[PDB]
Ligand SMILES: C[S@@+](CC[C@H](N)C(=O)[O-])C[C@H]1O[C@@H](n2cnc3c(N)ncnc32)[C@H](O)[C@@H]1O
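Encoded as structure tokens, the following chain is the form deposited without S-adenosylmethionine (SAM), with no partner shown.
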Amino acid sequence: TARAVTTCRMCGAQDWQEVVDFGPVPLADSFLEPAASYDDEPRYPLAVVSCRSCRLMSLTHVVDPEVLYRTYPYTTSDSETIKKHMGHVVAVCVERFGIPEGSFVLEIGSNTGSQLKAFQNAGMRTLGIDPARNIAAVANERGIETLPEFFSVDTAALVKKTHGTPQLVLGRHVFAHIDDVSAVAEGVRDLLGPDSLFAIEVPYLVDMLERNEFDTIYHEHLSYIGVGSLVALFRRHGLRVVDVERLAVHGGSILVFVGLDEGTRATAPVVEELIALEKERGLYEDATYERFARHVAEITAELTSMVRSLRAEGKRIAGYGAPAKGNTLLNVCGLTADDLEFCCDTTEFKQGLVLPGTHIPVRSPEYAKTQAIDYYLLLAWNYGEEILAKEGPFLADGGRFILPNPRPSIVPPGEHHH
């Protein structure tokens, strides 16, 4: 079972507004083998609360990290989207702060090591940290040195002793996936030199709220982060937020840069601008999160209505992709195998399995091309541009997509958008 949240991860306060509660829900990355019975399927409470002090949005509970990340499965290769995105992260980091060739770059949650490989091609020394022993060994086999550890003050000391001081410490997602964020911040304080940088990429709370991206809520994502809440945290551990760039990836993200409070790196104007923006858009006002909760109910309702309306007309519907967020969407909407006859997915592990809760079967794309599907529910909507670029034939035949946000809509639209 999962441990309930008491004090706030970032600022330490305990003043929680209730925003939305989806009740007990199965884990989004727990894909099941097909069976007659699913009675013993575990379910955990999924609900979010907003810290009135610093306005971090957090899940009400925390599912054991030994269950989640110690045996993660993860695709070798990746989207052309990701490959280019990884190369952009390198460019931003290296060029914006003039990191010389031969510099040392440490990555937390380094995974198979594709991101580190990009830094090596840019002429850098690297080292990975990832507690998934199965995946750490893969990266290690490929020639990308990776310590099978959790990041902490202790691991930071080990890195410094064996590999020296890093110019750049990188953490993607790992930041919104870790509960003890103080421990990470503390380990970073010890490890950074006077001019070193800590960079983290997470989904941006502003983007989430304005686009009603409620499906991005699942148990792996403990935190939903704005800049204000990070400043609040890093204040308490002798660190200063120095720069931020907004990114389109993952439905709207921010790449945040952090240095030592008394270090070389000057704070850019963008940091305070994004804090001024967060105030202006109502992140510190209860109304905004009641409005968000209302939008969820409206979208949930009309999206189920839309699906069942089409199925009543005899139109066949399926899912495109089987990402974690799809499993939130489908469970919250209460859709079954009677509603979506399958979900196509490129990941080989997932093919032949069944979705958590809904128990909708996952199939390969080559099977999907045999079927005469009328509508595809675009569960992997954050990869919309890549997917629509290659699905010309489907579109030409009269096929359509159902996009779930910012409001439910049908692609293609009835008229050309100028």
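Basically, rigid core = biggest C-alpha set you can superpose within 1.5 Å across the two forms. One rule holds for the numbers: they count along the sequence shown, beginning at 1.
There is another form of the same protein, the form deposited with S-adenosylmethionine (SAM) bound; it is not shown, and what comes next is about it.
- The three marked residues, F104, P166 and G193, fail to reach S-adenosylmethionine (SAM) in the deposited bound form, with no heavy atom of any inside 4.5 Å.
- Here is the short version: of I254, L205, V174, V181, the single residue with a heavy atom within 4.5 Å of S-adenosylmethionine (SAM) in the deposited bound form is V174.
- With the partner omitted here, the residue from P131, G259, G187, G228 that has a non-hydrogen atom within 4.5 angstroms of S-adenosylmethionine (SAM) in the deposited bound form is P131.
- Note that among 228-236, 104-112, 303-311, 89-97, the stretch whose heavy atoms approach S-adenosylmethionine (SAM) to within 4.5 Å in the deposited bound form is 104-112.
- The shortest heavy atom separation between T336 and S-adenosylmethionine (SAM) in the deposited bound form exceeds 4.5 Å.
- Contact between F150 and S-adenosylmethionine (SAM) in the deposited bound form is found at the 4.5 Å heavy atom cutoff.
- The shortest heavy atom separation between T76 and S-adenosylmethionine (SAM) in the deposited bound form is within 4.5 Å.
- Among heavy atoms of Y44, none comes within 4.5 Å of S-adenosylmethionine (SAM) in the deposited bound form.
- In the deposited bound form, no residue of 337-357 lies within 4.5 Å of S-adenosylmethionine (SAM) by any heavy atom.
- Core-based superposition between this form and the one not shown shows that, of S77, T264, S309, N121, only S77 has its Cα displaced by 2 Å or more.
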